[PDB]
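As structure tokens, the structure follows; a few thoughts come after it.
Chain IDs A, B, C, D, E and F follow the sequence of writing; residue 1 opens each chain.
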Amino acid sequence: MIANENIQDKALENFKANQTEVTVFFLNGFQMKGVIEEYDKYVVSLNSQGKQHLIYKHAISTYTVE
Amino acid sequence: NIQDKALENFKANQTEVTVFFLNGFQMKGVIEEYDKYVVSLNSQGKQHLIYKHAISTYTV
Amino acid sequence: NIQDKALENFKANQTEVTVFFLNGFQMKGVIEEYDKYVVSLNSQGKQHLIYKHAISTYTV
Amino acid sequence: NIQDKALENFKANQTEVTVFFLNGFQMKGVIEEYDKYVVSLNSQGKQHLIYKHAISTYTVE
Amino acid sequence: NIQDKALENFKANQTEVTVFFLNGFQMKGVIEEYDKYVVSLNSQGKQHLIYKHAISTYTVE
Amino acid sequence: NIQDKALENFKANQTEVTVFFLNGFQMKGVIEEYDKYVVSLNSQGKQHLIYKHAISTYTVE
């Protein structure tokens, strides 16, 4: 279960459940858009158009929606 | 703790802050929520969930 | 477990994987082996031992 | 502690310190406070809360 | 441990290896020593003590 | 310990060390002091307190 203080998993779990199209920005400023299919403490599985990406959280800067 | 107290104050006061990232890019907004690892910044009408590992500076 | 499952799938199927590094450079090759810290990627006739700390994404 | 002793000195003496970031940018100002994870640097009329993980070097003249 | 086995062989056999860094720069030489955190690389009239945290890739033929 | 042995040598011999940072910038100077997390480097008259997390390589001739 997710604690009220853990806003990261609350957000990721909602993105996952709702299949929302999210934009992931990386440390170098580049971005990819897709649906978060699964995630854990180290990685995020992002389903994009014609591409499947396995992203390390250590390389992520930001998530944004819309 | 300096950081925990600063973020608590930014959220409570709805302080406008510019977040600078490690690569030098910047985003100005209001911190709506935060936790030990991420900050949720509302900027230009949209929410951004930012990892603290990617933040360089908060400019007040 | 997500990571090991994907990496084992790439290795078992000799899948053409494009590795994006932290600086944004990309290298397309085949994963020959991997462990908790590194991945061995064969690309254009050369062997590359890559630290996972330097990887941003694996794309197929 | 080398680091704690320098920051202690910069703060007490209000030294003009130039902080270099990992990306090479630099910011010159005065250290107002610091702890294990952050440094607060006043520069050109504004407060800056800087993560030590993003700092490369402190340079003083 | 792929990395330790690889580094052990590179050192024992004086393998010419190219080290790429996180910023994409590269340096070719021979690994003379290494431990959990650093690699000592001899390259063109220079000795380089490199932190593994700054290494992206080791390439060999 | 490879790292400590090297830094001990550099400090004891006032060796001209070029420190390369993660972003590729370099600074040539003399190691005056160091510890687990930082290195103090004198260069062109100024003192620099550098975080090892921001260092890529120590290079010497």
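Just so we're on the same page, a contact is a pair of C-beta atoms (placed from the backbone, for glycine too) under 8 Å apart; a residue touches a chain by one contact, two chains touch by 3 or more.
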item	value
Reference subunit F; chain at largest CA-centroid distance	A
Copies subunit F and subunit E - interface residue numbers shared by over half, same or different	different
Inter-centroid spacing, subunit B versus subunit A (mean Cα positions, whole Å)	18
Where subunit A and subunit E are represented by their mean Cα positions, the distance between them in whole Å	34
Per-residue multi-chain contacts in subunit D, two or more chains	22-23, 53
Chains listed in ring sequence, where subunit A comes first and subunit B follows it	A, B, D, F, E, C
Subunit F residues touching subunit E - in the complex, by the definition given at the top	1-3, 6, 22-24, 52-53, 55-61
Subunit D partner contacts - residues on subunit F that touch it in the complex	21-23, 25, 33-35, 37-38, 40, 46-51, 53-54
